[PDB]
């Protein structure tokens, strides 16, 4: 512990000091950086900042041990206690909710490819303007957050709308850093999932949309090729898609 903490923290501090020496970071830049770091804490952006820049690396080590299908970062906007939904499964939406309807057909199987029943899935997403409930408190509580279960056939059908890409807020320290550094502040459109069943290893993941704006260029670096969804446009239009998740036994 003492040995390991020293090793990891020492290497990180050393690497930062090597860049300071290499780039000849100035006192003026140090003072600005001090003010900025203070502002991250004052604006409660530690989880946002860290999950943008570092969670993907943490998650990549964890993923080496994956026993089911492909995983991704959680990100900072999970909220516990999202509503248990009812058939026909519909994400919490307003009567006049903007956006293109999406019907998502899900399957959850084990390592043999056998369906898993009574799997719990938490899903959350941004609305068509790229806003999350609770995070934006002008949205109705629990908008676009819910829990559903699989069938005896390991299946569910879920109606929602296609989320918009998400921008790290420009009026915060993290957004200020991204602007200052000349880096785009966008995540591609995505659906978050936490998938659990007693006796199985849980799966935290994200799904994106093939050729979506920002999918090759995620600020959070959290996309993986296995996690791209293809959409069929259906006339009546709305979009339809499907995905199979895999859980590994404990």
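Positions refer to the first chain, counted from 1.
- Coordinates are absent for 1 to 3 residues of the deposited sequence placed between residue 236 and residue 237.
- Taking the PDB entry as given, 105 to 113 carries the higher mean Cα B factor of the two stretches 82 to 90 and 105 to 113.
- For the two regions 241 to 249 and 3 to 11, the entry's Cα B-factors average higher over 241 to 249.
- Considering 74, 160, 171, 133 together, the PDB entry gives 171 the largest C-alpha B factor.
- The entry lists C-alpha B-factors for 41, 225, 35, 188, and the highest of these is at 225.
- Per the PDB record, residue ranking by Cα B-factor puts residue 205 in the lowest third of the chain.
- Per the deposited record, the Cα B-factor of residue 198 falls in the highest third when ranked against the other modelled residues of its chain.
- Residue-level temperature factors show residue 61 in the highest third of its chain, judged at the C-alpha atom.
- Ranked by C-alpha B-factor against the other modelled residues of its chain, residue 211 falls in the highest third.
- When the CA B factors of the chain's modelled residues are split into thirds, the value for residue 47 lands in the lowest one.
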